[PDB]
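1. Sequence and experimental coordinates follow.
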Amino acid sequence: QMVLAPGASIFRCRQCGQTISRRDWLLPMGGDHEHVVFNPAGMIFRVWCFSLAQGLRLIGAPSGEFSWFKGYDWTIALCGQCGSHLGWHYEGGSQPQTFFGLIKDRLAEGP
Ligand SMILES: O=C1CC[C@H](n2c3ccccc3c3ccccc32)C(=O)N1
Ligand SMILES: [Zn+2]
């Protein structure tokens, strides 16, 4: 027997294994799921956009300050299990209304 199922379709927190998202939810915001972005202190992040995610904990009220995505406010997204910073939740825009910009290098891909 073999298991017949995708090998790299689920994204989990690299630190604790919490289920976070799926390859099926990758979202090409501005024509690419991948964005290389800088914050006000010059830190460069590599963000992957997903339409849906789970297992996160969103901290604080939304902010538009230095938002990387036009029309969206952001909230910090932690791993709800281990508290690792996994990226940001975006809300208040359109097509879609909400989505997640996740730090790709803090996720592990698997079956
Ligand atoms: O869309 C976004 C998400 C937040 C991000 N970002 C940081 C990301 C990491 C650490 C600090 C900050 C920070 C502080 C003030 C305003 C935005 C900030 C940013 O630039 N844009
Ligand atoms: Zn975690």
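-> Right, received. Where do you want to start? Residues are numbered from 1 along each chain as shown. Ligands and ions are numbered 1, 2, ... in the order given.

2. Show the contacting residues for the closest residue to residue 57 other than its chain neighbours.
-> Once flanking residues are discounted, residue 57 sits nearest to residue 80: 4.1 Å by CB to CB, 6 or more residues apart in numbering. Placement of C-beta: from N, CA and C, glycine included. Counting by CB atoms under 8 Å, 6 or more residues apart in numbering, residue 80 makes contact with 18, 55, 56, 57.

3. just checking, the first one touches residue 55?
-> Yes - with contact taken as CB atoms under 8 Å, residue 18 and residue 55 are classed as touching, separated by 4.2 Å.

4. Surely residue 54 is in contact with residue 25?
-> No - counting by CB under 8 Å, residue 54 does not reach residue 25; the two are 9.9 Å apart.

5. So those two - more neighbours on which side?
-> residue 25 (18 against 12; other CB atoms under 10 Å).

6. so what strands line up beside the helix or strand where residue 74 lies?
-> Assigned by DSSP states H and E, residue 74 belongs to strand 73-79. Strand 73-79 pairs in its sheet with strand 56-63 (antiparallel), strand 85-91 (antiparallel), by DSSP bridges.

7. Looking at those, which is nearest to residue 69?
-> Nearest to residue 69, of all these, is strand 85-91, at 5.3 Å by CB to CB.

8. Briefly note if the closest one comes near ligand 1.
-> Yes - Strand 85-91 reaches ligand 1 (CB under 6 Å from any ligand atom) through residue 88.

9. quick check: angle from the following helix or strand past that strand to strand 73-79?
-> Using DSSP H and E, the helix or strand that follows strand 85-91 in sequence is strand 98-103. Strand 98-103 runs at 60 degrees relative to strand 73-79, counting by axes from the mean of the first three to the mean of the last three CA atoms, to 10 degrees.
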